[PDB]
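One chain comes next, on its own, written out as structure tokens in the form deposited in one PDB entry.
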């Protein structure tokens, strides 16, 4: 029933449709791993033809023997790992697709704009107005634009490929969903998000498994080593509790554990005492390292998110002024007040700002996925 994590995390209805479809089409965990691998593979196809999470997971897996890959991957953390891996790749592939639809759209609008600007010139050039080298270079920008269009068309096909793979044979690939530029800031996160949520991370579940294996009292380990705080403030920002866990201007981790109740027994003393202890030490040191990194990941994502939100906000502002400036330029033109070329030039500034905004929105999306992943599967 872990559907609660992605259903309440991802806001976009289309992407939730796709995620739901892929889960249905990927009942077998080992197969889901193949499909993700291959969906990832045919992007690297752009290099060899002429996310930290997936790296670690796939890296972990191949460094394993086949018997081990099968023992693991029957454990709970591995199914959680594969759920998250699947969800995040479907969502990423969709954003890649929608990104490409959108860049392609702008690129074609830019082309038409360059062709109008060009056609205009050559009528005037035959009345003595421009350089032949100007006319020359206007031809070049059109040809390079034609280039990007085919390039964007390839990126579109790459992502559609990845999508069909994750989705299976009977999955409807989305049309271009048109973008309203005034709704691109990310969505609010629940306030006072409890750090307990991080216990659902595969890497921390695996760490607690290693603790239980060295016979730790898990309750006692958590109380000793796991900061029980809130992750978010009243807004969707890092809480002060979260921030204070890192030294100012060093990022060094602050938490100093105190063990009130012994985590390991004296156990079954007799023989191999020292070795059992070493394993106890190791599972603990590993628990610690995973925790501080989990918390660092969440903090880094929250910070990246606030930064991209501010950048997007600024681009939206430039865009609104460029839109109003274009309309005014169009009216002036109609009154003989400005040349046609000034109108096209203004439109081009709109186009470039739209493209920047698209890039940032996408980087925001990549970061949401990061957050979803750093939370260990959403915030429920």
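We call the rigid core whatever largest set of C-alpha positions still superposes within 1.5 Å between the two forms. Residue numbers count along the first chain shown, from 1.
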task = With residue 50 and residue 51 adjacent in the shown sequence, let me know how many deposited residues between them lack coordinates: none, 1 to 3, 4 to 9, or 10 or more.
result = 10 or more
task = Identify the stretch, either 37-45 or 337-345, whose C-alpha atoms have the larger mean B-factor according to the entry.
result = 37-45
message = So, looking at the entry's B-factor column for Cα atoms, which has the higher mean, 213-221 or 134-142?
response = 134-142
query = Looking at 91, 291, 285, 266, which has the biggest Cα B factor in the entry?
reply = 266
note = Among 195, 280, 183, 307, the highest C-alpha B-factor in the PDB entry belongs to 183
task = Using the B-factor values recorded in the entry, state whether the Cα atom of residue 98 falls in the lowest, middle or highest third among the modelled residues of its chain.
result = lowest
task = Would you mind checking where the Cα B-factor of residue 77 ranks among the modelled residues of its chain, as the lowest, middle or highest third?
result = middle
message = Going by the CA temperature factor in the PDB record, which third of the chain does residue 31 belong to: lowest, middle or highest?
response = middle
Record-listed C-alpha B factor of residue 22: chain third = middle
query = Which third of the chain holds residue 8 when residues are ordered by C-alpha B factor: lowest, middle or highest?
reply = middle
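Below: the form deposited in another entry, not depicted.
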query = Relative to the superposed core, which single residue of 244, 228, 175, 183 shows a CA shift of 2 Å or more between the shown form and the other one?
reply = 183
query = So the Cα-Cα distance between residue 183 and residue 17 shifts by 3 Å or more in the other form; is it shorter or longer than what we see here?
reply = closer
message = Between the shown chain and the other structure, the Cα gap of residue 183 to residue 97 differs by 3 Å or more. Is it closer or farther in the other form?
response = closer
